[PDB]
Amino acid sequence: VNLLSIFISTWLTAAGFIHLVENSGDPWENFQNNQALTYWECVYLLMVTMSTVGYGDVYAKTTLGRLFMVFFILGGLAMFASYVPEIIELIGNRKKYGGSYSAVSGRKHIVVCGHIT
Amino acid sequence: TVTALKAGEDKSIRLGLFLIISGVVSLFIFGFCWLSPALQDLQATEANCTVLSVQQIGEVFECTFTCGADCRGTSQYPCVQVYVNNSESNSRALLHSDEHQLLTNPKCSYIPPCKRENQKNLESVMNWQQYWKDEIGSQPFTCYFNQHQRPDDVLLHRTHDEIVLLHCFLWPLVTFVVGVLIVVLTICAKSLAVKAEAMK
Amino acid sequence: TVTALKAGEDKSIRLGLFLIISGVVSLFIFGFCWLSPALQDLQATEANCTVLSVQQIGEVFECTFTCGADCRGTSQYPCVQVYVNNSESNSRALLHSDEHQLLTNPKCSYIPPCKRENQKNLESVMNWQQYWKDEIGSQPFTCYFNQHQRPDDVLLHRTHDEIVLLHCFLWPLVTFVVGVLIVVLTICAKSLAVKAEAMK
Amino acid sequence: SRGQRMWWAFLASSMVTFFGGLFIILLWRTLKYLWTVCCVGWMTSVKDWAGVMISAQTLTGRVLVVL
Ligand SMILES: CC(C)CCC[C@@H](C)[C@H]1CC[C@H]2[C@@H]3CC=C4C[C@@H](O)CC[C@]4(C)[C@H]3CC[C@]12C
Ligand SMILES: CC(C)CCC[C@@H](C)[C@H]1CC[C@H]2[C@@H]3CC=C4C[C@@H](O)CC[C@]4(C)[C@H]3CC[C@]12C
Ligand SMILES: [K+]
């Protein structure tokens, strides 16, 4: 729950900052270089960046946005490469040989234990 | 000693230093971002200017209207061109009004506010042209020129407003000053608290 | 005790909870996906409407026909435009029939079913035009309008059918209800089996 | 016969088979036990033969899993 909360929170927060910065362009450029990205398009962009897939179908075009993406590449790659293996390791370790024996009428059984090899 | 307040005060020093660093770093970032725009605008001369000829080239360019929410609307408008006198070249140069116009279509002197009707962009260019068509020999404009790079283009307006330039360099400096005040007040609290503790 | 059936029953709880979660999550996913479409359609007003002028602009746009299996077939058709009265604006606005038409070419009031022959798309637009050309002063249409965003465009049809909208929100709710019934029947079986085992 | 779609019938046949069966199983667990509160065997030989087919224990069973 700690790893999931920090991963999801960081991803959604960082997607919101790049959303704001790409939709309101560089001040020096008189805000003319903005890009109309939705919030979900920014969430998808950060996942494609964190995983290092980097399709370049969508990418940050403003200077403030490219700036932020350099710091997100330095922090978010290490976060994804550390957290995703560990969240997958904490899930799905389902014990295959739990459960119990069901006896059937007219058929006996024996229990074998000790040095099972 | 050590004291209970040390953790909050040392974190306050880390914040004040991060704001000093972020102030200086954002000052350099805005410095390089504004360098080419600020030179390209402030190198332009300011001049007294007078209209000397006007004409349509007998050919049309296309603008794009928007309805709001996902429209293209590509539509023709008349290309009117206007030539103007200036104090540096004293010779024929093409007027483009705002910088954007020049960047989007430098063969015409104007672009109308693009609309769903060809007739409205036609009459808009006629309604604009009949002004500069009569300003022949009128009292001078004040206008902008760039002999080093644009010897045959002339502008009525600046490329940016100085307000957005000023704000981009004000808030880095305020960020740096706030960071310095946080460092000073925190060090003052640490170094004065031990004097009060000895004097108690 | 423990019992042999515990493994299947606890797996049945994991399934019922996964269906409850998937029901709620898909309800939010369809919620955000339908939010902009449902507002953009349901904000449009419904009005009584009458034709007031019709004309061809003397210029042609291109459609694309398909043969089936990999054809482009780019072919010209006449651009006819139609203006219509409505109860909110009471003024000249362009009829576009369906929403798709407006999105693909808002300068014309119609797009024909595109075909390999220019003559068939010509006569199709003539055969369409001769209807709206005579409907001048006829009994009103019922038609759709959007004063907040499209003050000069008018539609004969909705942007989506309510059936596909309804199905997108029905099956999430059914998924949630099925998940709840699986959880309830499994807990009922676990908690009743121990009463039967004690009573035997 | 174009202009009609039937995809929902294919999907419903799977959804109704899986969940319909699952509820029959559960409802059977809630009715068998409830009746007792309200109010070697032949089956095992069939289950033994089926288990011996499902594994490759016999010639028949090893032909089945290769298929
Ligand atoms: C007995 C097993 C397969 C359980 C599966 C139930 C399935 C087969 C049921 C549930 C819904 C049913 C379908 C729904 C209605 C129609 C439309 C009708 O014009 C053809 C039959 C068809 C397509 C039905 C066939 C049988 C059906 C698919
Ligand atoms: C065919 C689909 C629809 C349902 C399958 C049959 C279901 C509903 C019925 C028929 C036979 C029944 C099974 C008969 C044998 C056993 C062995 C017991 O140790 C576990 C439950 C169990 C007792 C019963 C569960 C319910 C059951 C599986
Ligand atoms: K890659």
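Just so we're on the same page: letters track the sequence lines, and every chain starts at 1. Indexing begins at 1, ligand by ligand and atom by atom, following the structure's order.
Our summary of the site lists the angle at the K ion (ligand 3) between O of A:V53 and O of A:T52 as 60°, to the nearest 10 degrees.
Nearest protein heavy-atom contact of atom 8 (C) of ligand 2 is D:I24 CG2, 2.6 Å. Among all protein heavy atoms, the one lying closest to atom 4 (C) of ligand 1 is D:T17 OG1, 3.4 Å.
In this structure, CG in D:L64 is found 6.0 Å from CD1 in D:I54, a value given to the nearest 0.5 Å.
Counting the atoms of ligand 1 from 1 in the order shown, those under 4.0 Å from a heavy atom of D:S13 are 5 (C), 7 (C), 8 (C), 28 (C). Applying the 4.0 Å criterion to heavy atoms of D:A9 picks out, from ligand 1, the atoms 23 (C), 28 (C).
At least one protein heavy atom sits closer than 4.0 Å to atom 21 (C) of ligand 2.
With a heavy-atom cut-off of 4.0 Å, D:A12 does not touch ligand 1 at all. Under 4.0 Å from ligand 2, the heavy atoms of D:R29 that appear belong solely to its side chain.
Contact analysis puts D:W8 in contact with ligand 1, with a non-hydrogen atom separation below 4.0 angstrom.
Taken together, the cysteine pair C:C168 and C:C33 keeps its SG atoms at least 2.5 Å away from each other.
Using modelled atom types, one finds no donor on one side chain facing an acceptor on the other under 3.5 Å when comparing C:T186 with C:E9.
The two atoms that bring C:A193 and D:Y33 nearest to each other are CB-CE1, 3.5 Å, heavy atoms only.
Aromatic ring pairs are classed by plane angle as parallel below 30°, tilted from 30° to 60° and perpendicular above 60°; the pair A:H19 and A:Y39 is perpendicular.
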